[PDB]
Amino acid sequence: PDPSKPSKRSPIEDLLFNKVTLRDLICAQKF
Amino acid sequence: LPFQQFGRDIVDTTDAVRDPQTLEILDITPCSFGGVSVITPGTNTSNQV
């Protein structure tokens with residue numbers, strides 16, 4: 004883990020998080 | 002645009018209408034709702050929830 008990163012994640016873990024990602028459609032379903 | 006009264010969203014639901022007398026944008030949003038969950042201990046321990 005990297006202390007400088009606020010989320011406390013390893014440099015490799017950051018790359019994985021920023022690669023999958025996912026009136027808007029989400030709100031339409033909720034109603 | 003002119004001559005354009007109603008409105009629709011991605012899932013084909015009426016989300017906006019135009020007032021007949023004073024033409025204006027009138028968004029329609031349903032009022033809040035959701036589920037309810039009850040947290041309880043055993044009924045032989047207490048009755049608070």
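Taken in order, these protein sequences are the chains called A and B.
Using our numbering, read the first sequence as starting at 4 and increasing by one per residue.
Using our numbering, read the second sequence as starting at 2 and increasing by one per residue.
C-beta: ideal position from N, C-alpha, C; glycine also.
Suppose you measure from the CA of B:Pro3 to the CA of A:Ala31; what does that come to, to the nearest Å?
Here the alpha carbon of B:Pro3 sits roughly 26 Å from the alpha carbon of A:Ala31.
With a threshold of 16 other CB atoms inside 10 Å of the CB of B:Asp16, please say whether the residue is buried or exposed.
buried
Contacts around B:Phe7, its chain only, beta-carbon distance under 8 Å, and the 5 residues preceding and following it disregarded
Answer for B:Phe7: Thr15, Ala17, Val18, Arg19, listed in chain order.
Starting from B:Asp20 and walking both ways along the alpha helix (DSSP H), at which residues does that stretch end?
Here B:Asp20 belongs to no alpha helix (DSSP H), and DSSP marks it neither H nor E.
So A:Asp17 is in the alpha helix (DSSP H); what residue range does that whole segment cover?
14 to 23
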